[PDB]
Amino acid sequence: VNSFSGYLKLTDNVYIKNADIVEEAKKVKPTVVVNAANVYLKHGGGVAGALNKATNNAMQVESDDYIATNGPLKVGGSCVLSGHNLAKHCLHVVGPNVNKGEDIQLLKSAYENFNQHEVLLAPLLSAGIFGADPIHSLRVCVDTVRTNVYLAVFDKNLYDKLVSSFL
Ligand SMILES: O[C@@]1(CNc2ncnc3[nH]ccc23)CCCSC1
Ligand SMILES: [Cl-]
């Protein structure tokens, strides 16, 4: 039993809710919140921009030190950093950005990072400003993640379509 509330159950381990991931994380304080990161951990917009703003830019400061030490992530890769005031940990995961021409096949590799964590609060990878089809992202999530994932979908209209079209 966990403290996630109000989700629809899609499978044994995948759940979904119309919610602002920032407001969700502040309420639940999950062990792991997933950020929709880029390889430079530059959290300018989208989910990343919103999560960073909620940390008062502390996420960005920590991320800049991480990059200065380690260099960029790989597309499909991840790193674990602090969750600041939102969660214990933030798993920064880089899905392919279609608007940069990145290979959508890497979306499965991106979701594989979730399997290293027993429970996660997460957005749909490569959705929104990363330009992939969110129905596809949900399919890849369900077919790749085996740990317990609670998906927050900000847009109510998109949330309704994801449920009604789910196979
Ligand atoms: O959910 C999205 C990604 N974007 C966000 N998700 C959750 N919380 C958020 N807060 C700010 C942005 C944001 C992908 C599925 C279709 S709708 C957009
Ligand atoms: Cl977005």
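For the sequence shown, full-length UniProt numbering begins at 1025 and goes up steadily by one.
Heads up, the beta-carbon is just placed ideally off N, CA and C, and yes, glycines get one too.
Beta carbon nearer than 6 angstroms to a non-hydrogen atom of ligand 1: 1044, 1045, 1046, 1070, 1071, 1074, 1147, 1148, 1151, 1152, 1158, 1176, 1177, 1178, 1179, 1182
Neighbourhood of residue 1166 by C-beta distance below 6 angstroms, restricted to the same chain and skipping five residues each side: 1035, 1038
Option in 1151, 1095, 1093, 1067 with minimal Cα separation from residue 983: Examination of residue 983 is not possible in this model, given that the chain is present from 1025 through 1191 alone.
Whole-Å CB distance - residue 1150 paired with residue 1131, under 8 angstroms assumed: 5 angstroms
Residues that DSSP places opposite residue 1102 in a beta bridge: 1117
Straight-line Cα distance separating residue 1177 from residue 1136: 20 angstroms
Own chain partners of residue 1058 with C-beta closer than 6 angstroms, once the 5 adjacent residues on each side are dropped: 1115, 1117, 1144, 1146
Residue 1176 - DSSP class collapsed to helix/strand/coil: strand
Start-to-end residues for the alpha helix (DSSP H) that takes in residue 1064: Premise fails: residue 1064 is in no alpha helix (DSSP H) and is neither H nor E.
Cβ neighbour criterion (16 or more within 10 Å) applied to residue 1126: buried
Those residues which DSSP pairs with residue 1041 across a bridge: 1176
Straight-line gap, residue 1090 to residue 1061 (C-alpha atoms, nearest Å): 13 angstroms
Whole runs of the alpha helix (DSSP H) within the stretch 1125-1183, excluding any shorter than 4 residues: 1130-1136, 1158-1168
Minimum C-alpha distance to residue 1180 - residue among 1025, 1030, 1041, 1026: 1041
8 angstroms Cβ shell around residue 1189 - same chain, five flanking residues per side excluded: 1159
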